[PDB]
Amino acid sequence: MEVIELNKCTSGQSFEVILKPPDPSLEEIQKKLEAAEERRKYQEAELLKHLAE
Amino acid sequence: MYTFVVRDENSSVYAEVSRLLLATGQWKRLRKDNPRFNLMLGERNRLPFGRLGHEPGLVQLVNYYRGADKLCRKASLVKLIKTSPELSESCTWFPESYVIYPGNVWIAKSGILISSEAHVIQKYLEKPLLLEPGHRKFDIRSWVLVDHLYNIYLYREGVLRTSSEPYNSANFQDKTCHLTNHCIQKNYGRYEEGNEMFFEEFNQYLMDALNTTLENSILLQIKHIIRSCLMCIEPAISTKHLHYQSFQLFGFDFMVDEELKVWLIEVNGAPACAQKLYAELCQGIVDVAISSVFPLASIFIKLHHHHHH
Amino acid sequence: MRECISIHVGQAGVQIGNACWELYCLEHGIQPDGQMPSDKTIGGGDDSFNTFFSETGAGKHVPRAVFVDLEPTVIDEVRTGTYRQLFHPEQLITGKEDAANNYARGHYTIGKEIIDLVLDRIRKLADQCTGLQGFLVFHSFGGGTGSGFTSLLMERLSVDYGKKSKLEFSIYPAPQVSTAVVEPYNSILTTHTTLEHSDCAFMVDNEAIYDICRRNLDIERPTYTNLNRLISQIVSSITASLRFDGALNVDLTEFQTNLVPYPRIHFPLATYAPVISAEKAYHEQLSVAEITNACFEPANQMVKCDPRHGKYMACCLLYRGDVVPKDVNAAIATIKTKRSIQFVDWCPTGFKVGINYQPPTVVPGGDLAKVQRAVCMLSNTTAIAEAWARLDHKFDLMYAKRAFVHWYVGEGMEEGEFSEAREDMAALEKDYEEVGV
Amino acid sequence: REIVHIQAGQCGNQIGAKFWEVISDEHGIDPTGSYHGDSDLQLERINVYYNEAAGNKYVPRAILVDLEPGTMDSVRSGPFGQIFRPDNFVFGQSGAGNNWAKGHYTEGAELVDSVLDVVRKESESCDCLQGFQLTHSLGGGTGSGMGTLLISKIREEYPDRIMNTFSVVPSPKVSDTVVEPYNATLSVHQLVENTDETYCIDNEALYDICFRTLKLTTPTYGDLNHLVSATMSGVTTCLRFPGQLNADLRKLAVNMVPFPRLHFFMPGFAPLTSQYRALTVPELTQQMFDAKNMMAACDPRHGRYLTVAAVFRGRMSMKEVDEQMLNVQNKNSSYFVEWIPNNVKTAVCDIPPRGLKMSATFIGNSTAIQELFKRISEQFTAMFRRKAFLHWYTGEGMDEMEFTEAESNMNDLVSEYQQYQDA
Ligand SMILES: Nc1nc2c(ncn2[C@@H]2O[C@H](COP(=O)(O)OP(=O)(O)OP(=O)(O)O)[C@@H](O)[C@H]2O)c(=O)[nH]1
Ligand SMILES: Nc1ncnc2c1ncn2[C@@H]1O[C@H](COP(=O)(O)OP(=O)(O)CP(=O)(O)O)[C@@H](O)[C@H]1O
Ligand SMILES: Nc1nc2c(ncn2[C@@H]2O[C@H](COP(=O)(O)OP(=O)(O)O)[C@@H](O)[C@H]2O)c(=O)[nH]1
Ligand SMILES: [Ca+2]
Ligand SMILES: [Ca+2]
Ligand SMILES: [Cl-]
Ligand SMILES: [Mg+2]
Ligand SMILES: [Mg+2]
């Protein structure tokens, strides 16, 4: 059981014990968000057309 | 009402457990995908153990131990025996066996080949105990139930699945005398009904022919083997302190050689039962595995040993 | 010294944030007014605690934190509560109307209108950093803001700070305290959209915390306050290496290096011991061996699952209190001979161990007893995929009928996003299977 | 945050007034609009239903509408009648003669604009309006016809706000005219398209409760309205007091409505009253799920629950509440659809209603609600196949085709509820 990289300081210690070896761009984000907003606008206009009928 | 779901339609054992529970009055069967069950009688393949024990207000129980497959496949069993120090490469009750990927008689299996030349390759037991009359091979099936507390219960009735052909050293091509499976035999039925001899008869035979008992000559060794196998995998499969609990029925198959030494052949994780013993064993499953967890409003020998050293 | 900015999103993220900063103040000797008498460098410094706190010329120690919610009532409690003087008003951001438990309403409809303001406020914190390492992001999977706004933010943070690490603390939904039927939807949609933007994510299943509070703290019906005080201890254990002197997990990058060799498989399991009730009048104190052994018990995990039936890719043990390496190594030797600890073939079988000598601090009048030693284990185990399976199944049941889908479509999301998200989760479950089985 | 309340017609204004009486007492608001309560929980979400005027006066955000003055003169003389804003009383003189067409197309249309002016003035000063609740009946002319006209006009001007109704469904057992089924079928058609959530308050059920359970041999409108007001108090508790679950109208919709048209809820209440014995948590729970406690005359065992909200009020063990809610789901699992997991949500509020230590309110989205629509549909057809009483409607300019379309749409709603029950 090998103990490696022992480091000690006043607040503690660390070490390792081995038992065995072996994106979208700003533009794209903006397009997606405006497309969603366009779909909401479209649904809203369809509702108001139906209500005008 | 307690509630249960059935997810393997082909289990003979669990169709009868299901039918018993319903006739109690105090169990309701639910559609197979309703998650609000106390008890899963699970499928054999890819049972969703990760979805169990996440139901507020239901104590949940399943009829399989996750990880028990290690004991119940041929390649897995060989590896577990060789590599577990409690069993070891020098284990006396398992035949010398080798995992193989794609008196010198060996058997190849995982659809079986017996020869002295050249999956698991296993030393074929050349000197079996042979029943008289008929000079014939058999294997012993023992049924074992492990409950949620990891008690190990040996059903007191086993069965000998016999050959009805004389045993033949100089023909391993012809398999009806070398392989004791129920299907492979179906002179069938001649000596006993369905090539099944039960313990009362076999014990009588061991007394009359060999001046000993079934308990002394064979069953001590059977109990030792079952206990050693199951205690070995316990840390890996126990559901003690887990958020769901498991039980499971196992079918251990044994060979007895002519010096009355018992060898392990097989552990079956989804066994069937001999016709004659369904009713009793399935009632035992309800009493020991289910009502113990889900109480309503002994046919087993409990295997336990604490030798001090 | 290199700074870390904490971002708390939605109710869960905000309330957990409150509990964490309260605890950090107690650990570092910072008072509710922000004064820290032990800090002898007035108005600046590059001490380890400065990773999380900046300093004004008047001696105020100010969390490097932004709180964001789409309705105001939770953040108003921070504005009026005990630690109100700790935070500048511009760090606390609220809208007027929430995401109504709808990912699409957090991500698209409302997120589009507050996102520039939130990035502006984050930028203000970043401009005060001389070597910003990155971000810690706290949120629920289940809420509309915690799911939908967080995924939008994470995307934008990759664009605006592309070199920087992003870690998450994520609350996985449990029906015993959940407030919406559609939480499985929101969880899959956020996990899908966030997966490439997060380097390391610590999932906390509310069911596990809930049960620990009932079983070990004797709380009959845990509230968020009970759950969050426990969660804040686990968070503190994880971040202690960034805030105190030490040689392990000292920067955000090291979390990924030590815990995530496969980038999509970036969900370490946290297990914490011991959790002991403050009302328990006779407590026998637990040894290094006992607390370490408790790390391999499912009942102490932050997600209930069974690591015996998966494989380890990494394990870190983070100790606090009276612990020396010799006892750690003897405890580990015992555990190896008793337990099913199987690593994948391409990683060494091993533990990275950090010890901080100060015992855990507790919040006075809290539920947790003060103990002489504690440990947090962080293990990257394939068994955590059991949680993905449970969530994915629930998603499938509802989605096969399109139940509630119209609420998401009415916010301008396309139905296709559902099955794209679900297929990314199917590939994730598959990755975990290929590594683990 | 703010809800705008509208009450239309005789029924709407009678149940509406009782609602304001009951909730003003729960929030400690007296008839002058002064707060004289004992607890900060009473005032913390007071703005949801009340505006604050000068002198720390609380004024209901309430608009009172009718085509005749009679019931609104009675509102103004009622116990809380002085609390309403005077400008929020909008009344015509004509009446609507139990005629949906008069409410919707002729008499109501003449008045609807002045109602919208008041809606807009209340809406304009809302910090963040969540939406609208309307109280009305479906069997008369003003609440039914003019109420659904209002809903349509309100949607056109506030299309992104939530619309909620308490809608009283007619019954021959408590019946004013033969034309009720016509007026209700025409109204349901509107509700299916233009509300997000509708509490089906069935006069059949209220009557059966008063008669069978409460032993009132001759139930009045007052006895029926006692049940309605307790239910309304119960189902709005989560909107009115601090809490986690269903705390606004949109979150309730998202939890309760899996498909947009299936938004008709079966309310229930326990214990049933018109008494000193303490009610246990197990007993509240069994009784709140009991057919006999439901305010829509539908057998919930004849269908399945898509979603349920349960609200418990009073000092009680939350552990025991959780256990019992789990117990009813586990023992009756087949009545909850398996393809919406965890579809029952529970809230507990510490403040009980007046005169009870403990109570429970039930809100069910059950496919059994189809029974209510089928009953109305059969009464509609029995007349409509002979065109009986139609001249009341064709005299206001309506064609038969409009009756055929409304009937067809309500038969479609029934088939949809049946589809999810078999799934
Ligand atoms: N552990 C914990 N979980 C919480 C807390 N608050 C909410 N949750 C959980 O988070 C989920 C609900 O999400 P919230 O964070 O409340 O929602 P939100 O992000 O505010 O989103 P909207 O309110 O929909 O805008 C559920 O699974 C809750 O159980 C908390 O303080 N602690
Ligand atoms: N090493 C060995 N020596 C002698 N006989 C052997 C043997 N291995 C297997 N056999 C014989 O072959 C028969 C069937 O072999 P095996 O146990 O592999 O099949 P199986 O998997 O069908 C048993 P089960 O149906 O109970 O699972 C055994 O009953 C036994 O008689
Ligand atoms: N529950 C209840 N139902 C009422 C009340 N008043 C009338 N109704 C019912 O309402 C319907 C008649 O409508 P009403 O509201 O009188 O007509 P409107 O003024 O034109 O809307 C019938 O179905 C009556 O049974 C009441 O106070 N309570
Ligand atoms: Ca300093
Ligand atoms: Ca006129
Ligand atoms: Cl950068
Ligand atoms: Mg919120
Ligand atoms: Mg009338």
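Its PDB header names X-ray crystallography as the technique used to obtain the model and reports a resolution of 2.24 Å.

1. Quick notes on the overall build of chain A
Within chain A, the regular secondary structure consists of one helix and two strands. Element order for chain A, N to C, with α for helix and β for strand: β-β-α. For 53 residues, the compact-globule estimate of 2.2 N^0.38 gives 10 Å, and the C-alpha radius of gyration of chain A, at 30 Å, exceeds that figure by more than 25%. C-alpha extents for chain A along the principal axes are approximately 80 × 35 × 25 Å. Counting all 53 residues of chain A, 25% fall into the buried class. Put simply, chain A shows about 3900 Å² of open surface, and 52% of that area lies on carbon and sulfur atoms.

2. Regarding the arrangement of the chains
Between chains A and C lies the most contact-rich interface of the five pairs of chains that touch. With no contact between them, chain A and chain B keep their nearest C-alpha atoms 16 Å apart.

3. Section: the environment of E77(C)
All names here are of chain C. In this fold, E77 is placed in helix α2 (residues 73–80). Take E77: its relative accessible area is 56%, and that puts it in the exposed class. In this structure the C-alpha to C-alpha distance between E77 and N18, which are 59 residues apart in sequence, comes to 9.7 Å.

4. Here's the deal with the pairing of strand β4 (residues 65–69) of chain C
All names here are of chain C. The buried count for β4 comes to five of five residues, which makes it a mostly enclosed element. Here β4 shows a buried face lined by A65, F67 and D69 and a second buried face lined by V66 and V68. Note: strand β1 (residues 4–9) against β4, four bridges, orientation parallel. Looking at the pairing, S6 lines up with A65 of β4. Here β4 runs beside strand β5 (residues 92–94); their pairing, made up of three bridges, is parallel. Counted as the bridge partner of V68 is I93 from β5. Handedness of the crossover is the feature at issue here: the chain leaves β4, passes through α2, returns alongside β5, and the resulting connection is right-handed.

5. Observations regarding helix α7 (residues 203–213) of chain D
All names here are of chain D. Turning to α7, its buried residues number three or more, namely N203, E204, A205, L206, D208, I209 and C210. Contact partners of the buried residues in α7: β7 (162–169), β8 (197–202), α8 (221–240) and α12 (370–384). Of the residues that open α7, the one with a side-chain oxygen 3.1 Å from the backbone nitrogen of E204 is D202. Of the residues one or two after α7, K215 is the one with positive phi, at around 65 degrees.

6. Re the site of ligand 3
All names here are of chain D. By nearness alone, 17 residues border ligand 3, and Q10, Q14, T142, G143 and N225 come closest of all. Within the backbone of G141, a nitrogen or oxygen atom sits 2.9 Å from an oxygen atom of ligand 3. In this structure, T142 approaches ligand 3 through a main-chain N or O atom, which is 2.8 Å from an oxygen atom. Secondary-structure elements contributing two or more residues to the shell around ligand 3 are α1 (9–26), α5 (142–157) and α8. If you tally residues by element for the shell around ligand 3, the top one is α1, at four residues. Of the residues assigned to the shell around ligand 3, the class counts are five nonpolar, 10 polar and two charged.

7. Let's talk about the coordination of the calcium ion (ligand 4)
Residues and elements named next belong to chain C. For the calcium ion (ligand 4), the full set of protein donor atoms is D39 (OD), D39 (OD), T41 (O), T41 (OG1), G44 (O), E55 (OE) and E55 (OE), at a range of 2.3 to 2.4 Å. Along the chain, the residues donating to the calcium ion (ligand 4) are arranged with the sequence spacing D-x1-T-x2-G-x10-E. We classify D39 as buried; its relative accessible area is 7%.

8. Overview of the sheet that holds strand β5 (residues 97–99) of chain B
Strand pairing in a sheet is mediated by backbone hydrogen bonds. Such pairs are either parallel or antiparallel. All names here are of chain B. Spatial ordering of the open sheet is given by β5-β8-β6-β7, a layout of four strands whose pairing is antiparallel. The two strands at the open ends of the sheet, each matched to only one other strand, are β5 and β7 (113–115). Pairs of neighbouring strands in the sheet enclose a mean axial angle of 20 degrees, with direction left out of account. With three bridges joining them, strand β6 (residues 106–109) and β7 adopt antiparallel strand pairing. Residue pairing for β7: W106 is matched across the bridge by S115. Strands β5, β6 and β8 (120–123) of the sheet are contacted by helix α2 (residues 74–83), whose axis makes an angle of about 115 degrees with β5.

9. Things to note about the domain arrangement of chain B
Residue and element names in this part refer to chain B. Partitioning chain B into domains gives domain 1 (1–63) and domain 2 (64–95 + 127–309). Between domain 1 and domain 2, the C-alpha centre-to-centre distance is 26 Å. Between domain 1 and domain 2, the contact holds 26 residues from the first and 27 residues from the second. Both faces considered, domain 1 and domain 2 share a buried interface measuring about 2400 Å² in area, 72% of it formed by carbon and sulfur atoms. When the buried area of domain 1 at its contact with domain 2 is split by residue, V13, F49 and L61 rank highest and sum to 25% of it. Connecting domain 1 to domain 2 are seven residue pairs in polar contact.

10. Considering the side chain of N225(D)
With respect to the helices and strands, the residue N225(D) is situated in helix α8. Here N225(D) is in contact with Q14(D) and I15(D), once residues within four sequence places are set aside.

11. Observations concerning the interface of chain B and chain D
Opposite the eight residues of chain B that make contact, chain D presents nine residues. Buried area between chain B and chain D, both sides added, is near 770 Å², and the carbon and sulfur share of it is 44%. For chain B, the biggest contributors to the area lost against chain D are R31(B), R36(B) and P56(B); these three give 59% of the whole. Our count for the chain B to chain D interface comes out at one salt bridge. We note a salt bridge from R31(B) to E338(D), for which the minimum N-O separation is 3.5 Å. Along the contact surface separating chain B from chain D lie four residue pairs in polar contact. For the side of chain B that touches chain D, the residue count by class is four nonpolar, two polar and two charged.

12. Remarks on the site of ligand 1
Surrounding ligand 1, one finds 24 residues, the nearest of these being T145(C), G146(C), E183(C), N206(C) and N228(C). Per-site note: the chains with residues close to ligand 1 are chains C and D. Within the backbone of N101(C), a nitrogen or oxygen atom sits 2.8 Å from an oxygen atom of ligand 1. Between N206(C) and ligand 1, the recorded distance is 2.8 Å, taken from a side-chain N or O atom to a nitrogen atom. Considering ligand 1 on its own, with 640 Å² of exposed area, one finds that the protein chains cover 98% of that surface. Sort the elements by how many residues they give to the shell around ligand 1 and helix α1 (residues 10–28) of chain C lands first, with four residues. Considered class by class, the residues forming the shell around ligand 1 number seven nonpolar, 13 polar and four charged.

13. Examining the interface of chain A and chain C
In this complex, chain A contributes 32 residues to the contact, which on the side of chain C involves 40 residues. Buried surface at the junction of chain A and chain C, summed over both partners, amounts to about 3000 Å²; 60% is from carbon and sulfur atoms. When the buried area of chain A at its contact with chain C is split by residue, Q13(A), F15(A) and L33(A) rank highest and sum to 21% of it. Between chain A and chain C we count three salt bridges in total. Note that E414(C) is salt-bridged to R39(A), the shortest N-O span being 3.7 Å. For the pair chain A and chain C, the interface holds 12 residue pairs in polar contact. Within the residue set of the side of chain A that touches chain C, elements represented by two or more residues are β1 (2–9), β2 (12–20) and α1 (26–52) of chain A. Grouping the amino acids of the side of chain A that touches chain C by side-chain chemistry returns 15 nonpolar, nine polar and eight charged. Pairing analysis gives eight bridges linking β2(A) to strand β11 (residues 349–356) of chain C, with the strands arranged antiparallel. Along β11(C), the bridge assignment pairs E16(A) with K352(C).

Calculation criteria
Residues numbered from 1 in each chain as written, not as in the entry; some residues may be left out. Chains lettered and ligands numbered in written order. Part of a larger assembly, values for the part shown. Heavy atoms only, no water. Residues with missing side-chain atoms left out of burial classes, pairs and counts. Helix = DSSP H or I, 4+ residues; strand = E, 2+ residues; numbered from the N terminus. Rg over C-alpha atoms; globule rule 2.2 N^0.38 Å. Buried < 20%, exposed > 50% of the residue type's maximum accessible area, 1.4 Å probe, protein only. Areas by Shrake-Rupley, 256 points an atom, 1.4 Å probe, with all protein chains shown as cover. Contact = heavy atoms within 4.5 Å. Pairing = 2+ DSSP bridges. Right-handed = clockwise from strand over helix to strand, strands pointing away. Polar contact = N/O pair within 3.5 Å; in protein donor to acceptor, adjacent residues only side chain to side chain. Near = heavy atom within 4 Å. Nonpolar A, V, L, I, M, F, W, Y, C, P; charged D, E, K, R; others polar. Donors = N, O, S within 2.8 Å, 3.2 Å for Na, K, Ca; no water. Axes fitted to C-alpha atoms, helices over the stretch in contact; angles between N-to-C directions. Domains from an automatic or database assignment. Buried area = accessible area lost by both parts, 1.4 Å probe. Salt bridge = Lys/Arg side-chain N within 4 Å of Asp/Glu carboxyl O.

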